[PDB]
Structure formats: C-alpha cells, structure tokens
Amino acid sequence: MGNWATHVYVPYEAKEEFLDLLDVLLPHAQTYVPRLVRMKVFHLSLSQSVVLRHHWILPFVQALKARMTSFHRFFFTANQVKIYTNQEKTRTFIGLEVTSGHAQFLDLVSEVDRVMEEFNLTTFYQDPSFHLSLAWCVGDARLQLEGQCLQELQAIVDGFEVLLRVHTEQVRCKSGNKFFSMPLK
C-alpha cells in the first residue's frame, strides 16, 4: 500500500527561448562547478515533499482541485539568480528567485497549507523563498558559486517575458510516480 512522496508545485514551461538561455547560463556556472546537472523539468514549490498514505492520495488531490480552481491566475517575475542548498546542505542549487508575484505565491501556499493540515501533513517553510531551480549538484558548493560566479550569472540574465512576466496557469501534485494537474481560474 505504502506511503508516497507527495509534492505540490506550479509547473514552469520549458520553452525553447528559456532552454536557450540555460544553454548560455549553465555552462558559465559549470566553469566554476563542472558537476552541476541541468534540471530536466522546472517548477516552483508550493509544499514541502511530504509522505502520504496511499488511500489518501486521491482525496488529497481532489481537495487541492477544489481550492485551486477558484484561485485566480497571476503574473510573476523570476529573474534574480540565487544559490541555495537543501536543508542538510548535501545538495546545492542555482535558481531564479521570484520577486514580483511573491505575495500571490504566498496566497497560493496559504491554500495548499490548509489542505496539508487537513491531511495531517507538514505546512510550508517558514520565511519561504519561491524559486525556479535550474541546476543542482551534490555537496555544498555555495563558496564556489556565490561571489564572482553569481554576479556573472546575474549579468547574463540582465542581458537577456520568459522571465519578466510569467503567467501561472496550473498547479500540479506529484505523488510517487503519479502526476495530477489542475487549472487555475
């Protein structure tokens, strides 16, 4: 039956224009940290990765659908490069932090958090920072990526919509190997 890894997020469309930007940005970051790996799919988290008993997957998804489908779509900006780690500092990420639209993400998280509480699951991180992860590596590479590298990554981005005005259209829940989609209003 089992308990399934469950995660709620906004998917981010990997358009050619965005992937072409990564074609310039990520090799530059790899001159500092070659073992960075490009993300294959792109998302902005709305929940922690939690564990949910199997028989509650479908009811959890339906609860999310009910809430999300009355939530209005919005625009956001994600053009600020940031280095961050996972909680245990065994992985490092290069991401794009949301500026404009952060408050609307907080409102989405409020709704997701209520579903988490309904199913006795962990609510979102205190002091959250919404971001689109672009690449990751094992270990804590903050010392190598922050400073000169980060300034040059920011310069590449500043030199490039795609990032300025992204429209949220859907919310998705991954549970184990299952992916459940829903439209915003």
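Residue numbers run from 1 along the displayed sequence.
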Missing residues, deposited sequence, between residue 119 and residue 120 (class: none, 1 to 3, 4 to 9, 10 or more)
none
Higher average CA B factor in the deposited record is what I'm after, so tell me if that's 102-110 or 87-95.
87-95
Quick note on 76-84 and 111-119: per-entry mean CA temperature factor is higher in 76-84
Based on the PDB record, which member of 125, 160, 130, 56 exhibits the highest Cα temperature factor?
160
Maximum C-alpha temperature factor, selected from 64, 141, 52, 29
141
Chain-wide C-alpha B factor ranking for residue 185, given as lowest, middle or highest third
highest
Chain thirds by Cα B factor, record data; residue 177 belongs to the middle
Relative to the other modelled residues in the chain, which third contains the C-alpha temperature factor of residue 134: lowest, middle or highest?
lowest
Pull the Cα B-factor of residue 148 out of the PDB entry and bin it into the chain's lowest, middle or highest third.
highest
Chain thirds by Cα B factor, record data; residue 48 belongs to the middle
